[PDB]
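K.L.:
one piece of my complex first, more on the way:
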Amino acid sequence: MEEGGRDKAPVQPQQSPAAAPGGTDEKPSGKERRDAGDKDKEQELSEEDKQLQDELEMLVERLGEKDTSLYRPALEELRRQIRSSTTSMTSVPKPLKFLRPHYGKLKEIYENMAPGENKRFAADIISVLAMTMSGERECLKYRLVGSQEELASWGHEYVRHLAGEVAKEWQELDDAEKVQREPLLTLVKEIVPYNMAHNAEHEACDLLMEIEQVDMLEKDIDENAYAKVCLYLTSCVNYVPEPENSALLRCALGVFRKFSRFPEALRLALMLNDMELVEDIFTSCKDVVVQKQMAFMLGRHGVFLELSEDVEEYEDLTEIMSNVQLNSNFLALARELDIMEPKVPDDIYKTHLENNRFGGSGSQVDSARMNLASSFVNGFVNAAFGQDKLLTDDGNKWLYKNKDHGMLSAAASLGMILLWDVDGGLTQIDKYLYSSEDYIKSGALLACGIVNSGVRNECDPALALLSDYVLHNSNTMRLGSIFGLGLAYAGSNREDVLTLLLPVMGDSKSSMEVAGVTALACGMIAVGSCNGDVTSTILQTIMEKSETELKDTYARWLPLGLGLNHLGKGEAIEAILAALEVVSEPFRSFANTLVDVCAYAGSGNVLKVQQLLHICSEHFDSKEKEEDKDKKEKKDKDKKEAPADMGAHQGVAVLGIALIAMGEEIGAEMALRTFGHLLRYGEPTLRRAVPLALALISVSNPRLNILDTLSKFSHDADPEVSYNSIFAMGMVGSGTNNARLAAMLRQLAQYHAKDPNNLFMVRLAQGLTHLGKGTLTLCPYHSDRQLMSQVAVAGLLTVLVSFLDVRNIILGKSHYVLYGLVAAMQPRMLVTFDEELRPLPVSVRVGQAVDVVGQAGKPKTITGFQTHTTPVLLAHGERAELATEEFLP
């Protein structure tokens, strides 16, 4: 310990502040010149951020704190310069002069007067001087003042601009990663009124930098994936003009303001569609922005590009509508027939091979329900132009044999044979349509609504399925003619045929298998307005569901189209609109949780989760509302699909340990559909945790719950090595797990993963995380599998063709005007980069590099080389124009 000798700072700043009450009165020169020699020496001796152990900042306040407490308040005649020498010296060490109750008394030194132009002694220093002190201001002082005292005195008025020049002081000194420290100031400052600080920093951000918008930009989109409802409401509309005013990157506008479409205002992204139709620059980014407006996240847009300039750029709309959809056809017409796919692969039933020699002999399984699964030897393999001529004979000779819903099934498989088609899908039905059969005609014409899905051209606004519907006095002519029109027009918001399908609800006909899927058909059309649909559902719900206490034909079908009619908003008005609408006995208050959480698909509002588990957790429920708790766990299946790769880990760490092992009914019977709505992504954290409850058949329960989780477990697309865990389970499934109720189900499980080698992107996360409907077409099946009385009769309308929004599979696409370039691509693991050094290292899977139409995969991001510069849209979106530029010799 070497003390003494060089003690000038523990002596003369120990003497002259002690002689400062002895030199304030009756000594006018020593009051100000020793305060000047105290000010500039504490300034210059604390500007450097290498000597943080200053010789005054932790040394003078052993007596200079009590001297300051009798120096600034107890003087009472403070003039105009001695406050500039006093409050500029006494305000610097005060976050470390005081201990942790500084937060109520930052103001007894500073709010006397802010001395002049405070950044003058905060130019070189980064954060020791007054930026940590300013975080202490905006942490506590502006929170207590601006809790209900926003429009106020000096505590807000100068604090706006003091929160302006310090926020520019973050982008003034070094341009390090302390740039992203500024939305901490803009955020913790006025958390709910975020617009008043983003107006103070938006134009300063416009004059900030043109390269320092991108890490702050993704910094703001991450924050804008979810928040509290007002924070996500305000910070997302403040997110929008940053690539518009400062930057002109301007091509990620549509897919990243689908974020900002539903919660804020449905006309706001229509004004941003106007902002798409203003920047009329050219052809490339103009093409690529409106590529996604048809069949990548939304539809219902094809009446807004018929202005007075219809030559090619406003004649883009038909090419958006069907010709790049014909490029989605051209994928499988030209680019999948050359890679692997033959006309009849057929060999997954051939992959069911060696059970005749696995343990003796075979030729034993002769179950009649096996041919329901042998319908998909035709059906599931024939996606992506699997057209068959005299190879549909497994549906032809079974089409005329038995199984009336199998006559609906083999005739309904033809739409899965001809998918995304308008060219001949009406012609391939007509050779098997004419049979004078209620079940063949309604399944085949139900497949007519499947073929034109996404086309929405002139196929049948009131042409074919209206002619199918007007025949009705009976079975599926009445039923399977409203499903395909909602399926094909699921992307449309046309009101007229919605009012053609409104008397289907208002008929009050006793065909309840039709009246339940009527709500599932009209719910797929609109997600916003038209309260008359909701009135039409609830009036028949009162006329029918009230005077009965019976099965889930009502519960699985009628409020689900109301959830689809009020999907996607966190405003918590629709829960008041629909929860107080069906005030009733609790079996009609089954619909309390439908519209409440169906509006809450992707957000973070965990206060919804505590009111999603804490009202009805167990209560031991002696056979009263087990279905209402199955639906209460069904609405725990969102908050789970669109948060994107974040917090999904212990989604699986305990989703075997919460209900499926030692619940009562909700997990042993229902809650493995949390894995059936969560993902198809594919990872062993659930993929090796589910056969510990699936290979455990546990036959003491109603074992078709576990067999209901069998095919659903096999719900996962992007085909993998799961033929072990499913073909072994079907190998024991020959002897045990009786084929009298499961022969459709095990090969339904096996044939589901590898439908076709491709087209496996149905999982509601596009670009990075945006939705793309994907829920209106997927939800009523996982709601529909109440695990009974629909594996044989009623649910064969849904179990075939429920989800049909398959936006194909890959992103390897050139789309130059000639279509002569192939690519320069390099597929990798999902993005690592947030912020680091210079060109931030993007990701780490450099070993793969492609140039052609090849596969997508689950966690992949794809970049390039060759100085092509990929200048189109810069984030994601799978149809880059791919122009090139070579100003780099």
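P.N.:
Looks like it came in fine. Residues are numbered from 1 along each chain as shown, chains lettered A, B, ... in the order given.

K.L.:
give me the number of residues near residue A:640?
P.N.:
Around residue A:640 there are 18 other residues, counting by other Cβ atoms under 10 Å. The way it works is simple: take the backbone N, C-alpha and C, and place the C-beta from them, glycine included.

K.L.:
Let's verify it: helix, strand, or coil?
P.N.:
State at residue A:640, reduced to three classes by DSSP: H, G, I helix; E, B strand; the rest coil: coil.

K.L.:
could you measure it against residue A:763, distance?
P.N.:
From residue A:640 across to residue A:763, the span is 12 Å (Cβ to Cβ, to the nearest Å).

K.L.:
what's the answer for residue A:695, then?
P.N.:
With distances taken as Cβ to Cβ, residue A:695 is found 26 Å from residue A:763.

K.L.:
Of those two, give the one with the bigger neighbour count.
P.N.:
More neighbours surround residue A:763 than the other of residue A:695 and residue A:763, with 20 against 13 (other Cβ under 10 Å).

K.L.:
just checking, residue A:658 touches residue A:668?
P.N.:
No - between residue A:658 and residue A:668 there is no contact under Cβ atoms under 8 Å: 11.4 Å.

K.L.:
which residues do these two both contact?
P.N.:
Among the neighbours of residue A:658, none is also in contact with residue A:668 (Cβ atoms under 8 Å, 6 or more residues apart in numbering).

K.L.:
Looking at these two, which one has more neighbours?
P.N.:
Legend: neighbour count by other Cβ under 10 Å for residue A:658 and residue A:668, higher for residue A:668 (21 against 15).

K.L.:
Enumerate every residue touching the more buried one.
P.N.:
Here residue A:668 is in contact with A:659-660, A:698, A:701, A:705 (criterion: Cβ under 8 Å, 6+ apart).

K.L.:
Spatially central residue in chain A, please.
P.N.:
residue A:642 (3.1 Å; Cα atoms, centre = their mean).

K.L.:
Show the contacting residues for that one.
P.N.:
A:601-602, A:764-765, A:769, A:771.

K.L.:
How about residue A:371?
P.N.:
By Cβ under 8 Å, 6+ apart, the residues touching residue A:371 are A:394, A:398, A:403, A:406.

K.L.:
Could you check how far the third one is from residue A:831?
P.N.:
Spatial separation of residue A:403 from residue A:831 under the definition Cβ to Cβ is 49 Å.

K.L.:
Drop chain B onto that structure:
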Amino acid sequence: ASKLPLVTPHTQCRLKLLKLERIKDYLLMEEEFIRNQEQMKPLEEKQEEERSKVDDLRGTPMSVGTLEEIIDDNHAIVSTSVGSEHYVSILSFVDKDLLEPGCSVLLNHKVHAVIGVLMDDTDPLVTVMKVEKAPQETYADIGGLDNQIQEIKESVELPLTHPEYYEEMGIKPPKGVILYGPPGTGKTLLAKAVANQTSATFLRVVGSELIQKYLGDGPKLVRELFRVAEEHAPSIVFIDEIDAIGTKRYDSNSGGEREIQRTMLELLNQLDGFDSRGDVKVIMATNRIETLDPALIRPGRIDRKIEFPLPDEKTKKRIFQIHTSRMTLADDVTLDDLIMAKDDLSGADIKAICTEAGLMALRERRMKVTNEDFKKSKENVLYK
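P.N.:
The block that follows adds chain B to the chains above:
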């Protein structure tokens, strides 16, 4: 445990805020999906009850068996400790994987069914041939060479520490490194500083101890040696004095020079096999570079050939300054007279003269070393 590998950010980013609050989403939502288990069906504890149900399946007489084959439908032929093998079945708590032919397993006492697997206490030979700690000081101990230090850092250290320079170049490091010169020139002494420098697993073998007395035990020792070398990770294998396999004949080896030859065939495979080799660097040293097989010295098996010349006199004085650093040198001595004492003295000669001179001081209990200690020290060391 391997929950989320996104640990990039390195500032106050909101991604870091929202991602850790979304781990708080998977943990708050699903800690409320942890509460309900023993609330609804207690029925056991499941922390020890099912565990003691396994432990009541398996008996306390746990016989230790050995695998030799696997049939997939949880039964296989396992070897007893006697030798009389059985055809027992395999349980469900056996985690069907850590099962290789030759693995130590746990069987029943009654029906000898495959209860468990056993962690292997390895073999002592790995601990024998494996260097544990850093031997000595750094490259600053060496002095005077300064050229091939860049060569050994070039071929070994720089590929390890900087995996960027070869990738911006589109190139791979050179494979084999060989060291040759007069004896006592610091050939092993460089590998000492390498074993200081690296963080990779380091193995060292003398070329004399390759040879054996039984037939094929040499090449088998080679095969398990490179097995041990590969089965870890990034590794450095050092071979000292590999001429001794070809120079000296011993009567312990039953096979003649055409057993040494076949050992050289096996090693000649193990340098450049068709197999995927891995991250195993090879550093070799000898003094009779002219004697051994040039088929092993070809580029592809050894890429870098490094000669060590004799120390020049200006480097000699540096080596004197090294080995006389921390000693109480009396000012009687003149090192320049000690330089030209031998015209071709090695670096070991300097250190030997220094240590023996210290021995001459400790014969007389002094603290400093005088000139006559060196005068009779060069007579003792050099002239005999």
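
K.L.:
same question on the contacts of residue A:668, but now with chain B added
P.N.:
Residues in contact with residue A:668 (Cβ atoms under 8 Å, 6 or more residues apart in numbering or on different chains) are A:659-660, A:698, A:701, A:705.

K.L.:
ok so it is a helix residue?
P.N.:
Yes - counting by three-state DSSP, residue A:668 is located in a helix.

K.L.:
what are the ranges of the strands in the stretch 151-300 of chain B?
P.N.:
Under the criterion DSSP state E, counting those that start in this stretch, the stretch 151-300 of chain B contains strands at B:176-180, B:201-206, B:235-240, B:280-286.

K.L.:
the inter-axis angle of the longest one versus strand B:176-180?
P.N.:
Here the directions of strand B:280-286 and strand B:176-180 differ by 20 degrees (axes from the mean of the first three to the mean of the last three Cα atoms, to 10 degrees).

K.L.:
what number of residues lie near the residue of the stretch 151-300 of chain B found nearest chain A?
P.N.:
Closest residue of the stretch 151-300 of chain B to chain A, Cβ to the nearest Cβ: residue B:167 (8.4 Å). Neighbour count of residue B:167, defined by other Cβ atoms under 10 Å in any protein chain shown: 11.

K.L.:
quick one: the residue nearest to the centre of chain A from residue A:686, how far?
P.N.:
Counting by Cβ to Cβ - residue A:642 and residue A:686 are separated by 18 Å.

K.L.:
next one: residue A:888
P.N.:
Distance from residue A:888 to residue A:686, counting by Cβ to Cβ: 47 Å.

K.L.:
Name the residue in those two with the higher neighbour count.
P.N.:
Neighbour tally, residue A:888 and residue A:686, criterion other Cβ under 10 Å: the higher count belongs to residue A:686, 22 against 6.

K.L.:
roughly how far apart are that one and residue A:68?
P.N.:
62 Å.

K.L.:
How many residues are close by residue B:124?
P.N.:
If you count neighbours by other Cβ under 10 Å, residue B:124 ends up with 8.

K.L.:
before we move on, the earlier item: tabulate the strands of the stretch 151-300 of chain B (JSON lines), appending mean neighbour count and distance to residue A:284.
P.N.:
Shown next, in JSON lines, are the strands of the stretch 151-300 of chain B (neighbours: other Cβ atoms under 10 Å in any protein chain shown; distance: least, Cβ to Cβ, whole Å):
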{"stretch": "strand B:176-180", "mean neighbour count": "22", "distance to residue A:284": "54"}
{"stretch": "strand B:201-206", "mean neighbour count": "17", "distance to residue A:284": "54"}
{"stretch": "strand B:235-240", "mean neighbour count": "21", "distance to residue A:284": "53"}
{"stretch": "strand B:280-286", "mean neighbour count": "23", "distance to residue A:284": "51"}
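
K.L.:
build in chain C:
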Amino acid sequence: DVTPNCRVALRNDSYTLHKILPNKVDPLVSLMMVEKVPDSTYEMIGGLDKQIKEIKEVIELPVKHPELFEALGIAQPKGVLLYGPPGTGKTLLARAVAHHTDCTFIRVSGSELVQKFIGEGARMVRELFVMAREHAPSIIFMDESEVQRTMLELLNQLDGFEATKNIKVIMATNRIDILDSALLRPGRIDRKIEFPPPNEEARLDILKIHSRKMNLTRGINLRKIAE
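P.N.:
Just below you will find chain C, in place on the chains above:
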């Protein structure tokens, strides 16, 4: 209380542990028991007094006083070569020094009954170092080319590669001009000590110490017998 490499009592019905069986052997106590070296002392040294002082400087000092070499900043010696004709006191000297400084006098001979306590095959010689670092203040001794390669294989480990100290080697042989030049590297060997045949003075005292256990007759004139 359960030690590795220890016997136990066991019950037979359930194979429950009963009681710890006392002890058995070290794998080195049996080894030197098989070898049976003639234990010696200073009190049976016949006239080798300067050689005693030479061997104390190499062996005795870096046990009792290792800091004394860090007072000079030099490394401690490791290897001893004893040479001269047979029958000159090499074995009793090397046994004696370890006996007085309390080290594990472990000679190696390359036999095969020694083999079973070192290992099952012991493909190297280096597996002895397991027992050697377990008896860490130890001294390895060697007789008069398998010894010559063996010593090099030891010295290559204890060149800086073995970190455990207090392990030193002694080779005893004759005719130094026919051994290895790599063993004649000047930095390799730390000290070589010659043992001459005894003169008339040193033939007398071995008769003196050796004459102790005999029942004599008064008046012998041992000087004439030594002459």
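
K.L.:
The neighbour count of residue B:167 with chain C there, same question as before?
P.N.:
The number of residues packed near residue B:167 is 11, by other Cβ under 10 Å.

K.L.:
go on, residue A:863?
P.N.:
14.

K.L.:
Quickly note the distance from it to residue A:829.
P.N.:
When distance is defined by Cβ to Cβ, residue A:863 is 12 Å away from residue A:829.

K.L.:
Next: residue A:715.
P.N.:
Residue A:715 is 24 Å from residue A:829, where distance means Cβ to Cβ.

K.L.:
where does the stretch 51-200 of chain B come near chain C, residue by residue?
P.N.:
Residues of the stretch 51-200 of chain B found near chain C (Cβ under 8 Å from any Cβ of the partner chain) are B:60-61, B:124-125, B:128-129, B:131-133, B:135-136, B:183-184, B:188, B:192, B:195.

K.L.:
who touches the residue nearest to residue A:405 when sequence neighbours are not counted in this structure?
P.N.:
Take residue A:405 and drop its neighbours on the chain: the residue closest to it by Cβ to Cβ, 6 or more residues apart in numbering or on different chains is residue A:796, 4.2 Å away. Residues in contact with residue A:796 (Cβ under 8 Å, 6+ apart) are A:372, A:405-406, A:408-409, A:790.

K.L.:
Would you check how far apart residue A:796 and residue A:400 are?
P.N.:
Residue A:796 is 18 Å from residue A:400, by Cβ to Cβ.

K.L.:
The residue in the stretch 1-150 of chain A that chain B sits nearest to sits in which helix or strand?
P.N.:
Nearest to chain B in the stretch 1-150 of chain A, going by Cβ to the nearest Cβ, is residue A:135, at a distance of 10.4 Å. Residue A:135 belongs to helix A:131-136 when assigned by DSSP states H and E.

K.L.:
my read: residue A:24 touches residue A:75, true?
P.N.:
Yes - Residue A:24 is within contact range of residue A:75, at 6.8 Å (criterion: Cβ under 8 Å).

K.L.:
Pull the number of nearby residues for the residue in chain A that chain B sits nearest to.
P.N.:
Using Cβ to the nearest Cβ, the single residue of chain A nearest to chain B is residue A:647, 3.2 Å away. The local packing of residue A:647 (other Cβ under 10 Å) involves 25 other residues.

K.L.:
now do residue A:203
P.N.:
12.

K.L.:
Identify the residues contacting it.
P.N.:
Applying Cβ under 8 Å, 6+ apart, we find residue A:203 in contact with residue A:245.
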